[PDB]
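The structure under discussion appears below in the form of structure tokens.
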Amino acid sequence: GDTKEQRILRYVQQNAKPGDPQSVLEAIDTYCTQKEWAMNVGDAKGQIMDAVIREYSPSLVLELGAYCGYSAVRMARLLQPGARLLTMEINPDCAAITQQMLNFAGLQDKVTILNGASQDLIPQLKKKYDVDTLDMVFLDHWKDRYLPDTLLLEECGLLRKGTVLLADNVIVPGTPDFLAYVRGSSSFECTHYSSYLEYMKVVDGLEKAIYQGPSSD
Ligand SMILES: COc1ccc(Cc2cc(-c3sc(C)nc3C)[nH]n2)cc1
Ligand SMILES: [K+]
Ligand SMILES: [K+]
Ligand SMILES: [K+]
């Protein structure tokens, strides 16, 4: 048997230019349109991601929900020399795919992959991976986990004033708990970027929530 992630990686390895992230991203994009399937972010959302990374130029990025490494290849190619991406994947096999995917893209020295569940890994980040603070967090895992993982980062001390949270799919299927909190909390300064997946009927969006640091008085 051959899973379909294995087939995407086998397509990349066969049709993309080694060491060239853009070529890798286009091979995956092309396999998806032909074999009718899709990664966790599309092109429109990629461009939103691209702008955020370019605007804030983060030295340390956490991604929750790697899948194939498509989004890791997307973000890590924009990282400056010295900057690194930590990405979490809960499914062992997908995590493995993501590593092979990064290896082939040449971005493997910038990205560390962690196989595990976010609520187990986030607490170990300081002690076991020498994280002080995160500069940017991309959330694209389980919807019910967005709001509690956010406060888990908060409690663990992994956010500093200026940390940028970028949450995917806050509209479709929606993360209404998470949205309400960052939009209502004084600890965040939010902005919504809309992604038009289909005219009138499928209109999603990412939420960019800027941590404002603990209060003072
Ligand atoms: C619709 O359901 C899904 C939504 C997103 C994904 C991709 C994914 C999510 C994760 C999780 S979940 C968790 C507590 N920690 C992590 C790192 N790893 N990979 C898989 C299924
Ligand atoms: K997504
Ligand atoms: K920086
Ligand atoms: K707010």
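Any residue in the stretch 132-153 that is closer than 21 Å to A76 by Cβ sitting within a Cβ distance under 7 Å of a residue that is among the basic types (K, R)? List the pairs, counting only those 6 or more apart or interchain.
Within 7 Å, the pairs are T133/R160.
Within the stretch 156-202, can you find the residues that are within 20 Å of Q212 (Cβ to Cβ), assigned to a strand (DSSP E or B) and hydroxyl-bearing (S, T, Y)?
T163, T191, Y193 - these are the residues of the stretch 156-202 that are within 20 Å of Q212 (Cβ to Cβ), assigned to a strand (DSSP E or B) and hydroxyl-bearing (S, T, Y).
Assess whether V52 counts as being on the phi < 0 side of the Ramachandran plot and in contact (Cβ under 8 Å) with a residue 60 or more places away in the chain.
Answer is yes for this residue.
Taking the stretch 110-134 as the search range and keeping residues that are away from ligand 1 (no atom under 13 Å from the Cβ) and in a strand (DSSP E or B), which one is surrounded by the most Cβ atoms within 10 Å (Cβ to Cβ)?
Restricting to residues being away from ligand 1 (no atom under 13 Å from the Cβ) and in a strand (DSSP E or B), the top hit is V111.
Take the residues of the stretch 195-217 that are in contact with a strand residue (DSSP E or B) (Cβ under 7 Å, 6 or more places away or on another chain) and more than 16 Å from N40 (Cα to Cα): which is surrounded by the most Cβ atoms within 10 Å (Cβ to Cβ)?
That would be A209.
Has the stretch 14-23 got at least one residue that is farther than 27 Å from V172 by Cα, touching a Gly at 6+ places or on another chain (Cβ under 8 Å) and of a type in the set (D, E)?
Yes, there is a match, as at least one residue in the stretch 14-23 is farther than 27 Å from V172 by Cα, touching a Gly at 6+ places or on another chain (Cβ under 8 Å) and of a type in the set (D, E).
Under the condition of being farther than 15 Å from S23 by Cβ and assigned to a loop (DSSP other than H, G, I, E, B), which residue from the stretch 84-109 is farthest from ligand 2 (Cβ to nearest atom)?
Ranking the candidates gives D109 first.
All but one of (1) over 23 Å from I210 (Cα atoms); (2) buried (at least 18 other Cβ atoms within 10 Å of the Cβ) hold for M49, so report the exception by its number.
(1)
Scan the stretch 137-189 for residues that are on the phi > 0 side of the Ramachandran plot and more than 16 Å from ligand 4 (Cβ to nearest atom) and jot them down.
Of everything in the stretch 137-189, those that are on the phi > 0 side of the Ramachandran plot and more than 16 Å from ligand 4 (Cβ to nearest atom) turn out to be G157, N169, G174.
Considering the stretch 91-137 alone, what residues qualify as being touching a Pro at 6+ places or on another chain (Cβ under 7 Å) and of a type in the set (D, E)?
Passing the criteria: only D135.
Scan the stretch 135-146 and give yes if some residue there is farther than 20 Å from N91 by Cα and not in a strand (DSSP E or B), otherwise no.
From the stretch 135-146, those farther than 20 Å from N91 by Cα are 135-136; that's our starting set.
Checking which are not in a strand (DSSP E or B) leaves us with none.
No; the residues of the stretch 135-146 include none that is farther than 20 Å from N91 by Cα and not in a strand (DSSP E or B).
Since every read-out is calculated from the coordinates, none of them should be taken as a lab result. Cβ: placed from backbone, ideal geometry, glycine included. Neighbour counts: every protein chain shown.
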